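Reading through the structure tokens given below for one structure.
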Amino acid sequence: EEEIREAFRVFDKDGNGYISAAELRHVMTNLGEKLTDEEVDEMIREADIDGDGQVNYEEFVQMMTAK
Numbered sequence: 618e619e620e621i622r623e624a625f626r627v628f629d630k631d632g633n634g635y636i637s638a639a640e641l642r643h644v645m646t647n648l649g650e651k652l653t654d655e656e657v658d659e660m661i662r663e664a665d666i667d668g669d670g671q672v673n674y675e676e677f678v679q680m681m682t683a684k
């Protein structure tokens, strides 16, 4: 799990908590996860993303660990 958090951090130059959704979909595709683009889109629609610009990757990390 920490590895998922550090990759997300690799995508957070300011080590704070928010990165752009494209960056998030990208961190998730590099970690070697075999989650499909549609499932990602379904996880994105239930997450608040396009309509605000930046997402807190911590909630997406928590959901992937639970699953």
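Numbering-wise (the numbering used here), the sequence shown opens with residue 618 and increments by one.
Cβ atoms here follow ideal geometry from the backbone N, Cα and C, with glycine treated the same way.
Endpoints, alpha helix (DSSP H) assigned at residue i
i	result
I636	Not the alpha helix (DSSP H): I636 falls in the beta strand (DSSP E), residues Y635 to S637.
residue 685	Because the chain here runs from 618 to 684, residue 685 falls outside it and cannot be looked at.
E620	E619 to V627
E675	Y674 to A683
6 Å Cβ shell around residue i - same chain, five flanking residues per side excluded
i	result
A638	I666 and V672
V644	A624, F625 and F628
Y674	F625, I636 and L641
Span separating the alpha-carbon of residue i from that of residue j
i	j	result
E656	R626	23 Å
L652	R662	15 Å
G634	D654	23 Å
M680	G668	21 Å
Own chain partners of residue i with C-beta closer than 7 Å, once the 5 adjacent residues on each side are dropped
i	result
residue 598	Because the chain is modelled from 618 through 684, residue 598 falls outside the range shown and cannot be assessed.
Buried versus exposed call for residue i [16 or more other C-beta atoms within 10 Å across all chains shown]
i	result
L641	buried
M660	buried
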